[PDB]
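Below: the structure, in structure tokens.
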Amino acid sequence: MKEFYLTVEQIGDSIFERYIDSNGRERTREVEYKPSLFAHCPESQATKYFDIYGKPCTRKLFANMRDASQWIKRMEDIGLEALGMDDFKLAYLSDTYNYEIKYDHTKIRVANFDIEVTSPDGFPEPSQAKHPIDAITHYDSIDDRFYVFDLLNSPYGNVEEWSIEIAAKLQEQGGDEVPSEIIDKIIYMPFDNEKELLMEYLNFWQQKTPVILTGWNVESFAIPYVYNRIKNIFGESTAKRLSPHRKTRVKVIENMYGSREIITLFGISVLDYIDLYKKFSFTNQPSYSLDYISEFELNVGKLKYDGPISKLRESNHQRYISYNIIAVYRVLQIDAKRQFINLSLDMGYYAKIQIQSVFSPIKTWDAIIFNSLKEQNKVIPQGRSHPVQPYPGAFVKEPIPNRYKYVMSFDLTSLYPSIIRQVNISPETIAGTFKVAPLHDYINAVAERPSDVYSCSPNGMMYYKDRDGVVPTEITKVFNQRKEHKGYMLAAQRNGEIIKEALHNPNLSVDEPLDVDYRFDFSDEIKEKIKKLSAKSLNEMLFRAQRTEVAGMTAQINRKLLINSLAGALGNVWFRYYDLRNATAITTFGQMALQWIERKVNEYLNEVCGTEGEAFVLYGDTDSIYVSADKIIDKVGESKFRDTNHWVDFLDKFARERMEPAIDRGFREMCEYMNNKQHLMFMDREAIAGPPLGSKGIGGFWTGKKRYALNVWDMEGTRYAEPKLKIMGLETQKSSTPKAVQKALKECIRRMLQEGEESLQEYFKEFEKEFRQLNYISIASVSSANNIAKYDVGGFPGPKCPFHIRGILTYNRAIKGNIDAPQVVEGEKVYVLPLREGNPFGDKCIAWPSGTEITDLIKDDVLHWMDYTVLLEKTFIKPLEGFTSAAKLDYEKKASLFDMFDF
DNA sequence: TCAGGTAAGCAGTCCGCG
DNA sequence: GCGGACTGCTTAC
Ligand SMILES: Nc1ccn([C@H]2C[C@H](O)[C@@H](COP(=O)(O)OP(=O)(O)OP(=O)(O)O)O2)c(=O)n1
Ligand SMILES: [Ca+2]
Ligand SMILES: [Ca+2]
Ligand SMILES: [Ca+2]
Ligand SMILES: [Ca+2]
Ligand SMILES: [Ca+2]
Ligand SMILES: [Ca+2]
Ligand SMILES: [Ca+2]
């Protein structure tokens with residue numbers, strides 16, 4: 001097999017590499033790697049190396065890496081550019097793996113672990129590590145086993161061994177419901193003392209040294225705790241055995257308002273799943289506890305226990321251990337679904353970076369581009385210092401707030417990457433500038449044609465047309481990959497709707513789910529068999545279809561993220577290729593493209609309808625347009641349609657056969673106007689929206705920019721079995737809005753769009769009546785909590801104190817003195833509730849850590865003093881009033897002449 | 001929240017607005 | 001009470 005790296009590190013003048021050899025075995029080597037860097041040289045000097053601008057360079061080969069880094073400093077002292085890859089391990093990987101890496105994940109050791117620490121005096125700080133580690137569960141991907149290290153004897157209590165038999169039994173049998181599928185995979189190791197537990201864990205670690213290290217909060221808690229605890233008990237040299245190269249470093253991670261410490265384990269790639277989830281899931285969660293996320297992702301129940309976690313080991317050691325094992329399993333389950341480890345491996349090996357560098361698109365792109373240029377013996381420029389400067393972004397059209405009955409949307413495929421490719425935007429393709437007219441002049445095609453030679457953006461920039469820049473070349477490769485995975489994603493989605501349709505008529509039979517590849521549209525034969533299947537088999541097929549869709553979504557959306565981040569990186573000072581001329585060339589072209597096609601669509605539809613100066617385009621944001629289709633529907637007449645799906649087919653056919661050709665023509669003209677390299681502005685129909693045929697639903701509405709709702713029947717070619725609400729920006733979409741309120745607002749919107757004013761009034765009346773019964777957590781607001789210190793003045797709010805921070809200060813006074821009370825953590829999220837006047841908390845609100853029940857120290861008083869009225873007005877009534885005013889509807893029945901006529 | 005970008009919405013504070 | 005200047009936070013793209 002072809003060899004591939006596992007990890008790479010620079011330690012002094014040595015590269016330390018863990019790798020898989022040609023025989024599939026894990027090996028480690030120390031290499032005295034001699035790096036090369038580059039200086040510009042005279043034309044008269046014969047060379048094969050040239051910088052990205054075509055200037056000749058001489059290669060300097062150094063005796064060691066220290067010499068190379070020292071040369072860089074001397075070149076800065078002289079004031080001369082020192083060219084080449086200054087991250088020597090990236091250069092090493094480029095030299096060592098000079099081909100497309102094909103990796104075998106089965107040879108990569110992926111370790112998933114979690115630890116338990118009993119602590120009576122509050123949260124056990126990793127930096128202190130003053131409490132014993134009393135449980136470790138460590139899953140190994142190669143062995144496919146959960147290794148359980150269980151401390152039976154502690155200063156905080158001596159316990160009996162964990163029982164696998166009881167662990168397996170149902171909660172109803174007194175058991176812990178450890179999943180049957182993992183019971184046989186548990187290797188249980190009890191220990192009479194902590195010293196032996198940790199010594200065995202390190203011996204284990206040495207035998208089965210993780211390559212990829214993951215878990216939940218491992219980088220911020222588990223790793224530093226284990227390292228510091230071993231350090232405290234045994235000394236530094238023993239703790240450094242967690243590194244295969246015996247090297248560690250305390251790394252200080254700085255944010256805006258403080259800093260934290262992590263332990264860098266050289267020769268290991270830590271991918272904390274919380275951090276993978278935050279980057280790659282495209283969610284914003286009210287809480288990032290494993291319990292909350294596992295519930296969200298897997299629909300598994302909350303792991304319940306009696307009393308505080310600080311007494312769980314002593315009171316119920318059996319459950320304590322079972323829950324530690326289950327915690328490790330839940331992270332594996334989330335990954336089976338989301339596949340973020342797979343993604344990280346794919347992207348890391350593609351770029352030829354340390355796997356953990358996938359968190360940094362700048363590092364990722366720097367290596368992709370470096371490897372690409374190296375192939376041509378081209379030499380990358382030195383990174384330079386830049387002051388942070390603001391620059392303009394996208395255009396957003398101000399909508400007229402209103403109801404909108406029939407709507408069709410259109411959207412540009414991968415806009416910013418498509419602009420990069422069309423215009424040929426790259427560091428080395430800059431040809432010059434032209435004299436810019438106001439953007440409105442380009443939009444309306446009155447401005448002089450910018451160039452007859454070069455490819456242009458309305459920001460004034462001109463680019464070469466003779467060859468693709470390295471940025472367009474490399475962005476195109478990842479774009480193509482993204483497009484492939486999106487195809488699989490959409491097929492799985494369409495296949496899912498086929499199954500949902502069939503679930504209307506399930507057959508009374510005992511059968512099996514079909515063995516199919518959900519990434520491909522179901523054949524007629526598969527469709528015929530599906531119509532004969534039971535609900536059990538169909539539901540099993542639906543779950544698998546939905547899993548396939550998720551897998552495709554991860555692969556596609558994060559590749560989309562990676563390519564969009566290249567456009568963004570051009571506007572980040574730490575990028576080697578930072579250039580606001582290029583960054584602004586992209587964004588300014590985008591603004592033109594949107595407003596250009598707005599005009600073309602308006603012109604086309606005015607012609608088709610035989611009118612003049614009427615606005616068909618009602619809204620647009622960045623690269624999308626929303627077109628009012630009322631007149632189109634009216635031109636055939638609503639009474640001519642057999643059902644909803646009939647007018648949806650008509651609009652679909654109209655969008656594809658009439659509008660898209662007009663849009664294409666409009667963009668081809670714009671391409672020629674800017675003299676671009678290649679026409680790549682592809683704007684396809686996205687949504688077809690409207691009320692159900694024969695209903696009083698309003699179809700859709702806008703309240704303002706980035707705030708709208710649509711009742712959608714078809715999205716990017718997926719025809720839904722049931723109409724889907726597309727809601728953007730409204731409170732239903734905000735993590736800060738209470739859970740029950742999001743749900744209630746969504747139902748109000750559903751009623752508005754699908755059923756009408758009366759149905760909405762019926763629901764509002766009921767919600768207002770019953771909402772005081774809702775669980776306090778489901779009606780609590782959520783907020784991130786930053787700068788708690790800044791606004792704390794003797795436990796009381798300082799000037800300008802934010803509402804949620806006030807809540808926290810209130811909480812802090814109420815729990816004053818309690819070491820065991822849950823503390824609000826700076827930078828994390830809190831639930832927030834308003835409090836009625838004259839409450840014993842001495843203020844108008846209280847806030848506690850999100851995803852948790854408020855401590856029983858104060859739970860009864862909060863419940864008793866919760867301000868339900870304020871809560872309802874602020875989170876529910878005010879947003880609804882916004883929705884209904886925009887839609888020109890009333891959420892409460894107005895008085896009419898008909899009342900009353902009853903005798 | 002260490003880790004690509006800008007536009008823009010709403011909550012809330014402070015305080016003016018005769 | 002509304003809105004303007006501002007901070008805070010959270011979305012859409
Ligand atoms: N996180 C994001 C999302 C959007 N954008 C910019 C770049 C995109 O090209 C443009 C349009 O965003 P879309 O959400 O429509 O995504 P794309 O057009 O890039 O891809 P596609 O529409 O094919 O899914 O906005 C961005 O810079 N960063
Ligand atoms: Ca735990
Ligand atoms: Ca397993
Ligand atoms: Ca799209
Ligand atoms: Ca798009
Ligand atoms: Ca059937
Ligand atoms: Ca879009
Ligand atoms: Ca203070």
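Below, chains carry the letters A, B, ... as their sequence lines are ordered, and counting in each starts from 1. For the numbers below, each heavy atom of this structure counts, side chains included, while hydrogens, waters and symmetry mates do not.
- The only member of A:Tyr776, A:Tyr811, A:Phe841 that meets ring pair (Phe, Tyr, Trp, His ring centres under 6.0 Å) when paired with A:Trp848 is A:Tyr776.
- Taking the ring axis of A:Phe803 as reference, the NZ or CZ atom of A:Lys874 stays within 45° of it and closer than 6.0 Å to the ring centre.
- Remark: side-chain polar atoms of A:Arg260 are not paired, donor with acceptor, to backbone N or O of A:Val252 under 3.5 angstrom.
- Between A:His386 and A:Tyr578, the ring planes lie tilted relative to each other; the angle falls in the 30° to 60° range.
- Here A:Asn284 lies in heavy-atom contact (under 4.0 Å) with sugar-phosphate atoms only.
- Across the protein-nucleic acid pair, A:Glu826 atom CD and B:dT1 atom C1' stand 9 Å apart, rounded to whole Å.
- With its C1'-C2'-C3'-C4' torsion above zero, B:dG5 shows a north sugar pucker.
- Salt bridge A:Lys279/A:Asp272: absent, no basic N to carboxylate O contact under 4.0 Å.
- By the 4.0 Å N-to-carboxylate-O rule, A:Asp843 lies close enough to A:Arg806 to be salt-bridged with it.
- Nucleotides B:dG4 and C:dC6 are separated by 28 Å at their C1' atoms, to the nearest Å.
- Side chain of A:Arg338 to backbone of A:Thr554: no donor-acceptor contact under 3.5 angstrom is found.
- Taking the six-membered ring for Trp and the full ring otherwise, A:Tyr404 and A:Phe701 have centroids separated by 6.0 Å or more.
- Residue A:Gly568 is classed as a base contact, given a heavy-atom separation below 4.0 Å to a base.
- Checked against C:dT11, B:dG4, C:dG8, the side chain of A:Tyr257 finds its nearest nucleotide in C:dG8.
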For each nucleotide in nucleotides 8-17 of chain B, reading 5' to 3', give B when a protein heavy atom comes within less than 4.0 Å of its base, S when such contact involves only the sugar-phosphate, and - otherwise. SSS-SSS---
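- One finds a side-chain N or O of A:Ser360 lying less than 4.0 angstrom from the OP1 or OP2 phosphate oxygen of B:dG4.
- At the heavy-atom level, A:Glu828 lies nowhere under 4.0 Å from the strands shown.
- Among the heavy atoms of the strands lying under 4.0 Å from A:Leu561 is at least one base atom, whether or not backbone atoms are also near.
- For A:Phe682 and A:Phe667, the distance between ring centers is not under 6.0 angstrom.
- Rounded to an integer number of Å, the gap from A:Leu415 CG to B:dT6 P is 16 Å.
- As judged by a 4.0 angstrom heavy-atom cut-off over every strand, A:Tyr791 is placed among residues touching the sugar-phosphate backbone only.
- Put simply, NZ on A:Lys279 is 11 Å from P on B:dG5, counting in whole angstrom units.
- Put simply, the side chain of A:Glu219 and the base of B:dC2 share a donor and an acceptor less than 3.5 Å apart.
- A:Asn786 has a side-chain polar atom (N or O) that falls below the 4.0 Å cut-off from OP1 or OP2 of C:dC9.
- Using a 4.0 Å heavy-atom distance criterion, A:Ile253 is classed as a base contact.
- Ring pair A:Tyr868/A:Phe771 is perpendicular by interplanar angle, where above 60° counts as perpendicular and below 30° as parallel.
- Of the two residues contacting DNA chain B, namely A:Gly827 and A:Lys363, the nearest-nucleotide position lying further toward the 5' end is that of A:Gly827.
- The CE-P distance, from A:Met347 to B:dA3, rounds to 16 Å in whole Å.
- For the pair A:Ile808 CD1 and C:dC9 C1', the computed distance is 13 Å after rounding to whole Å.
- Under a cutoff of 6.0 Å and an axis angle of 45°, A:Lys278 and A:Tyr288 form a cation-pi pair.
- The nucleotide whose nearest atom lies closest to any side-chain atom of A:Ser784 is, among C:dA12, B:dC2, C:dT10, C:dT10.
- Scanning residues 578-594 of chain A for heavy-atom distances under 4.0 Å to DNA chain C yields an empty list.
- Among the atoms of the strands shown, only primed sugar atoms or phosphate atoms (P, OP1, OP2) are found under 4.0 Å from some heavy atom of A:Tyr391.
- Residue A:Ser736 has its side chain nearest to C:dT10 when only C:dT10, B:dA3, C:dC9 are considered.
- Across all strands shown, A:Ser735 has heavy atoms under 4.0 Å from sugar-phosphate atoms exclusively, and none from any base.
- Atom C1' of nucleotide C:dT7 and atom CD1 of A:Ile805 are separated by 11 Å, given to the nearest angstrom.
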Step by step, work out the side chain to side chain contact (heavy atoms under 4.5 Å, CB included) result for A:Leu566 and A:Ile563. CA-CA 5 Å; A:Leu566 181 47; A:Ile563 53 178; 5.7 Å; no
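- Using a 4.0 Å heavy-atom distance criterion, A:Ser783 is classed as a sugar-phosphate-only contact.
- Contacts of A:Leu562 with the nucleic acid, taken as non-hydrogen atoms under 4.0 Å apart, are absent.
- Taking atom P in both B:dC2 and C:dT10, the straight-line distance is 15 Å, to the nearest Å.
- Across the protein-nucleic acid pair, A:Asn787 atom CG and C:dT7 atom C1' stand 10 Å apart, rounded to whole Å.
- In this structure, A:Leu710 atom CG and C:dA12 atom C1' are separated by 14 Å, rounded to whole Å.
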